[PDB]
Every structure is written in structure tokens, then in C-alpha cells.
>>> print(open('final.cif').read())   # mmCIF, N, CA, C and O atoms
data_structure
#
loop_
_atom_site.group_PDB
_atom_site.id
_atom_site.type_symbol
_atom_site.label_atom_id
_atom_site.label_comp_id
_atom_site.auth_asym_id
_atom_site.auth_seq_id
_atom_site.Cartn_x
_atom_site.Cartn_y
_atom_site.Cartn_z
ATOM 1 N N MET A 83 91.381 96.425 105.926
ATOM 2 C CA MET A 83 90.296 97.099 105.221
ATOM 3 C C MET A 83 89.340 96.085 104.600
ATOM 4 O O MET A 83 89.004 96.176 103.420
ATOM 5 N N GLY A 84 88.903 95.120 105.404
ATOM 6 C CA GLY A 84 87.990 94.104 104.915
ATOM 7 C C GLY A 84 86.558 94.357 105.342
ATOM 8 O O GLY A 84 86.198 95.479 105.700
ATOM 9 N N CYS A 85 85.738 93.312 105.306
ATOM 10 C CA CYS A 85 84.336 93.426 105.690
ATOM 11 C C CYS A 85 83.850 92.142 106.358
ATOM 12 O O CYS A 85 84.509 91.105 106.289
ATOM 13 N N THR A 86 82.691 92.221 107.004
ATOM 14 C CA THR A 86 82.115 91.068 107.685
ATOM 15 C C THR A 86 80.711 90.770 107.172
ATOM 16 O O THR A 86 80.115 91.580 106.460
ATOM 17 N N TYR A 87 80.187 89.607 107.538
ATOM 18 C CA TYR A 87 78.852 89.203 107.114
ATOM 19 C C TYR A 87 78.153 88.397 108.206
ATOM 20 O O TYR A 87 78.753 87.520 108.829
ATOM 21 N N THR A 88 76.879 88.701 108.433
ATOM 22 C CA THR A 88 76.098 88.009 109.449
ATOM 23 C C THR A 88 75.367 86.808 108.857
ATOM 24 O O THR A 88 74.593 86.947 107.909
ATOM 25 N N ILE A 89 75.617 85.632 109.421
ATOM 26 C CA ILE A 89 74.981 84.408 108.950
ATOM 27 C C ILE A 89 73.679 84.142 109.696
ATOM 28 O O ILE A 89 73.689 83.802 110.879
ATOM 29 N N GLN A 90 72.559 84.299 108.997
ATOM 30 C CA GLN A 90 71.249 84.074 109.595
ATOM 31 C C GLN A 90 70.585 82.836 109.002
ATOM 32 O O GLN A 90 70.980 82.334 107.949
ATOM 33 N N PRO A 91 69.552 82.329 109.692
ATOM 34 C CA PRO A 91 68.812 81.143 109.252
ATOM 35 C C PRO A 91 68.456 81.199 107.770
ATOM 36 O O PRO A 91 67.828 82.150 107.307
ATOM 37 N N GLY A 92 68.861 80.171 107.030
ATOM 38 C CA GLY A 92 68.575 80.122 105.608
ATOM 39 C C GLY A 92 69.803 80.389 104.761
ATOM 40 O O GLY A 92 69.826 80.071 103.572
ATOM 41 N N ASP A 93 70.825 80.976 105.372
ATOM 42 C CA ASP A 93 72.063 81.286 104.665
ATOM 43 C C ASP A 93 73.111 80.203 104.905
ATOM 44 O O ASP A 93 73.163 79.600 105.976
ATOM 45 N N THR A 94 73.944 79.962 103.897
ATOM 46 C CA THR A 94 74.990 78.951 103.997
ATOM 47 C C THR A 94 76.303 79.460 103.414
ATOM 48 O O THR A 94 76.362 80.551 102.847
ATOM 49 N N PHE A 95 77.357 78.662 103.556
ATOM 50 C CA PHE A 95 78.671 79.032 103.043
ATOM 51 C C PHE A 95 78.600 79.371 101.557
ATOM 52 O O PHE A 95 78.730 80.532 101.168
ATOM 53 N N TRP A 96 78.392 78.351 100.733
ATOM 54 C CA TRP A 96 78.303 78.540 99.290
ATOM 55 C C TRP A 96 77.292 79.627 98.944
ATOM 56 O O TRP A 96 77.589 80.544 98.179
ATOM 57 N N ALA A 97 76.096 79.519 99.513
ATOM 58 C CA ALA A 97 75.042 80.494 99.266
ATOM 59 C C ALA A 97 75.546 81.917 99.488
ATOM 60 O O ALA A 97 75.636 82.706 98.548
ATOM 61 N N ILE A 98 75.874 82.235 100.735
ATOM 62 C CA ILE A 98 76.370 83.562 101.080
ATOM 63 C C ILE A 98 77.527 83.968 100.173
ATOM 64 O O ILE A 98 77.700 85.146 99.860
ATOM 65 N N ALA A 99 78.316 82.985 99.753
ATOM 66 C CA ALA A 99 79.453 83.239 98.878
ATOM 67 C C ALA A 99 78.995 83.715 97.504
ATOM 68 O O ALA A 99 79.616 84.591 96.902
ATOM 69 N N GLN A 100 77.905 83.134 97.015
ATOM 70 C CA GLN A 100 77.365 83.499 95.710
ATOM 71 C C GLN A 100 77.164 85.008 95.608
ATOM 72 O O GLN A 100 77.872 85.689 94.866
ATOM 73 N N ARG A 101 76.195 85.523 96.357
ATOM 74 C CA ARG A 101 75.900 86.951 96.349
ATOM 75 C C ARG A 101 77.141 87.764 96.704
ATOM 76 O O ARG A 101 77.439 88.772 96.064
ATOM 77 N N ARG A 102 77.859 87.320 97.730
ATOM 78 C CA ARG A 102 79.067 88.007 98.173
ATOM 79 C C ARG A 102 80.068 88.139 97.027
ATOM 80 O O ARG A 102 80.908 89.037 97.026
ATOM 81 N N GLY A 103 79.969 87.238 96.055
ATOM 82 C CA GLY A 103 80.871 87.272 94.919
ATOM 83 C C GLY A 103 82.126 86.453 95.150
ATOM 84 O O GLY A 103 83.118 86.608 94.438
ATOM 85 N N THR A 104 82.083 85.578 96.150
ATOM 86 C CA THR A 104 83.226 84.735 96.476
ATOM 87 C C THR A 104 82.872 83.258 96.352
ATOM 88 O O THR A 104 81.763 82.905 95.946
ATOM 89 N N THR A 105 83.819 82.394 96.705
ATOM 90 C CA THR A 105 83.606 80.954 96.633
ATOM 91 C C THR A 105 83.886 80.290 97.976
ATOM 92 O O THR A 105 84.479 80.895 98.869
ATOM 93 N N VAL A 106 83.454 79.040 98.114
ATOM 94 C CA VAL A 106 83.659 78.291 99.348
ATOM 95 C C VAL A 106 85.136 78.239 99.720
ATOM 96 O O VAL A 106 85.498 78.378 100.889
ATOM 97 N N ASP A 107 85.987 78.040 98.718
ATOM 98 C CA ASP A 107 87.426 77.972 98.940
ATOM 99 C C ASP A 107 87.912 79.183 99.731
ATOM 100 O O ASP A 107 88.819 79.075 100.557
ATOM 101 N N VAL A 108 87.306 80.336 99.469
ATOM 102 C CA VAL A 108 87.677 81.568 100.156
ATOM 103 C C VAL A 108 87.019 81.651 101.528
ATOM 104 O O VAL A 108 87.688 81.885 102.535
ATOM 105 N N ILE A 109 85.704 81.460 101.561
ATOM 106 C CA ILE A 109 84.956 81.512 102.810
ATOM 107 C C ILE A 109 85.589 80.614 103.868
ATOM 108 O O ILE A 109 85.702 80.995 105.033
ATOM 109 N N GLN A 110 85.999 79.420 103.453
ATOM 110 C CA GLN A 110 86.622 78.467 104.366
ATOM 111 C C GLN A 110 88.078 78.837 104.629
ATOM 112 O O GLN A 110 88.639 78.489 105.667
ATOM 113 N N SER A 111 88.684 79.546 103.681
ATOM 114 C CA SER A 111 90.076 79.959 103.808
ATOM 115 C C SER A 111 90.203 81.160 104.740
ATOM 116 O O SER A 111 91.276 81.427 105.285
ATOM 117 N N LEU A 112 89.103 81.881 104.919
ATOM 118 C CA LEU A 112 89.089 83.054 105.785
ATOM 119 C C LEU A 112 88.558 82.702 107.171
ATOM 120 O O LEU A 112 89.136 83.088 108.185
ATOM 121 N N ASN A 113 87.453 81.964 107.206
ATOM 122 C CA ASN A 113 86.844 81.557 108.467
ATOM 123 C C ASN A 113 86.835 80.037 108.601
ATOM 124 O O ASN A 113 85.787 79.393 108.576
ATOM 125 N N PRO A 114 88.032 79.450 108.749
ATOM 126 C CA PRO A 114 88.190 77.999 108.892
ATOM 127 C C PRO A 114 87.665 77.488 110.229
ATOM 128 O O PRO A 114 87.576 76.281 110.451
ATOM 129 N N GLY A 115 87.318 78.415 111.117
ATOM 130 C CA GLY A 115 86.806 78.038 112.421
ATOM 131 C C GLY A 115 85.450 77.366 112.340
ATOM 132 O O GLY A 115 85.018 76.705 113.284
ATOM 133 N N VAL A 116 84.774 77.536 111.207
ATOM 134 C CA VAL A 116 83.458 76.941 111.007
ATOM 135 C C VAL A 116 83.383 76.213 109.669
ATOM 136 O O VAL A 116 83.559 76.817 108.611
ATOM 137 N N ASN A 117 83.120 74.912 109.724
ATOM 138 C CA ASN A 117 83.021 74.100 108.516
ATOM 139 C C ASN A 117 81.594 74.101 107.974
ATOM 140 O O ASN A 117 80.626 74.308 108.707
ATOM 141 N N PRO A 118 81.459 73.863 106.662
ATOM 142 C CA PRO A 118 80.154 73.830 105.994
ATOM 143 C C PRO A 118 79.327 72.615 106.398
ATOM 144 O O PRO A 118 78.107 72.601 106.235
ATOM 145 N N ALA A 119 79.997 71.598 106.928
ATOM 146 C CA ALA A 119 79.322 70.380 107.360
ATOM 147 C C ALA A 119 78.357 70.663 108.505
ATOM 148 O O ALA A 119 77.489 69.846 108.814
ATOM 149 N N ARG A 120 78.514 71.824 109.131
ATOM 150 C CA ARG A 120 77.656 72.214 110.245
ATOM 151 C C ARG A 120 77.891 73.672 110.627
ATOM 152 O O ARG A 120 78.977 74.040 111.076
ATOM 153 N N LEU A 121 76.867 74.498 110.446
ATOM 154 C CA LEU A 121 76.960 75.917 110.773
ATOM 155 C C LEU A 121 75.974 76.289 111.874
ATOM 156 O O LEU A 121 74.915 75.675 112.005
ATOM 157 N N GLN A 122 76.327 77.300 112.662
ATOM 158 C CA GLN A 122 75.472 77.755 113.751
ATOM 159 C C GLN A 122 74.646 78.965 113.326
ATOM 160 O O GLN A 122 75.080 79.763 112.495
ATOM 161 N N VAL A 123 73.455 79.095 113.902
ATOM 162 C CA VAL A 123 72.570 80.208 113.583
ATOM 163 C C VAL A 123 73.138 81.526 114.096
ATOM 164 O O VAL A 123 73.796 81.569 115.134
ATOM 165 N N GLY A 124 72.878 82.603 113.359
ATOM 166 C CA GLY A 124 73.371 83.909 113.755
ATOM 167 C C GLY A 124 74.861 83.907 114.035
ATOM 168 O O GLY A 124 75.287 84.150 115.163
ATOM 169 N N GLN A 125 75.654 83.630 113.005
ATOM 170 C CA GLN A 125 77.105 83.594 113.146
ATOM 171 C C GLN A 125 77.765 84.631 112.245
ATOM 172 O O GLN A 125 77.589 84.612 111.026
ATOM 173 N N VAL A 126 78.526 85.537 112.851
ATOM 174 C CA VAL A 126 79.214 86.582 112.103
ATOM 175 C C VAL A 126 80.579 86.104 111.620
ATOM 176 O O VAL A 126 81.410 85.664 112.414
ATOM 177 N N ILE A 127 80.804 86.195 110.313
ATOM 178 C CA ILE A 127 82.070 85.775 109.725
ATOM 179 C C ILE A 127 82.666 86.877 108.856
ATOM 180 O O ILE A 127 82.052 87.925 108.658
ATOM 181 N N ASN A 128 83.864 86.630 108.336
ATOM 182 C CA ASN A 128 84.542 87.602 107.485
ATOM 183 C C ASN A 128 84.298 87.297 106.010
ATOM 184 O O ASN A 128 84.225 86.136 105.609
ATOM 185 N N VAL A 129 84.174 88.350 105.208
ATOM 186 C CA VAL A 129 83.939 88.196 103.777
ATOM 187 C C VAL A 129 84.718 89.235 102.978
ATOM 188 O O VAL A 129 85.073 90.302 103.479
ATOM 189 N N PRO A 130 84.992 88.919 101.703
ATOM 190 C CA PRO A 130 85.730 89.813 100.806
ATOM 191 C C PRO A 130 84.924 91.050 100.429
ATOM 192 O O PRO A 130 83.995 90.978 99.625
ATOM 193 N N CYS A 131 85.287 92.187 101.014
ATOM 194 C CA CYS A 131 84.597 93.442 100.740
ATOM 195 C C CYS A 131 84.817 93.879 99.294
ATOM 196 O O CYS A 131 83.915 93.780 98.462
#
>>> encode(input="final.cif", output="C-alpha cells")
Amino acid sequence: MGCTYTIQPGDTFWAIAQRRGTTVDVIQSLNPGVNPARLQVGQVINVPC
């Protein structure tokens, strides 16, 4: 019963985490497949609903 989030140009891990109400520790703990050192445009990831 979770939720997802679409990563578009201008959005980042920490950034998206802010509004989402989460932190990098979580974003990276959920979607470790993508590191903050380099993100791809238009990438759908999981977030705390």
C-alpha cells in the first residue's frame, strides 16, 4: 500500500524528498538502484505515501 513518484527535469533526490516529507536516507533506502551522484531524466521511483 505504498506510492510512486515521477522524477522530471529539475527534481532531485533530496529535493523530491523535501515536499514528499521524506529524507535522502529513505529515498536511497527504497530506490537504491539510482544514486544521487547521477540521476536520469523522467525516472519513476517509489516514495512514502
>>> closest_residue(input="final.cif", among="A:86, A:110, A:118, A:91", to="residue 130 (chain A)", atoms="all atoms listed in the file")
A:86
>>> closest_residue(input="final.cif", among="A:83, A:97, A:124, A:129", to="residue 112 (chain A)", atoms="all atoms listed in the file")
A:129
>>> atom_distance(input="final.cif", atom1="CA of residue 121 (chain A)", atom2="atom O of residue 93 (chain A)")
7.1 Å
>>> resolve_selection(input="final.cif", expression="the PyMOL selection byres (((chain A and resi 98 and name CA) around 12) and name CA)", output="ChimeraX atom specification")
/A:86-97,99-106,108-110,118,126-130
>>> select_by_dssp(input="final.cif", residues="region 86-129 of chain A", states="strand (DSSP E)", output="PyMOL selection string")
chain A and resi 86-89+125-129
>>> select_by_dssp(input="final.cif", residues="chain A", states="alpha helix (DSSP H)", output="ChimeraX atom specification")
/A:95-102,106-112
>>> atom_distance(input="final.cif", atom1="atom C of residue 116 (chain A)", atom2="atom N of residue 84 (chain A)")
20.2 Å
>>> atom_distance(input="final.cif", atom1="atom C of residue 85 (chain A)", atom2="CA of residue 111 (chain A)")
13.9 Å
>>> axis_aligned_box(input="final.cif", around="region 98-106 of chain A", padding_each_side="4 Å", output="AutoDock Vina command-line options")
--center_x 80.7 --center_y 83.6 --center_z 97.8 --size_x 17.6 --size_y 18.8 --size_z 14.6
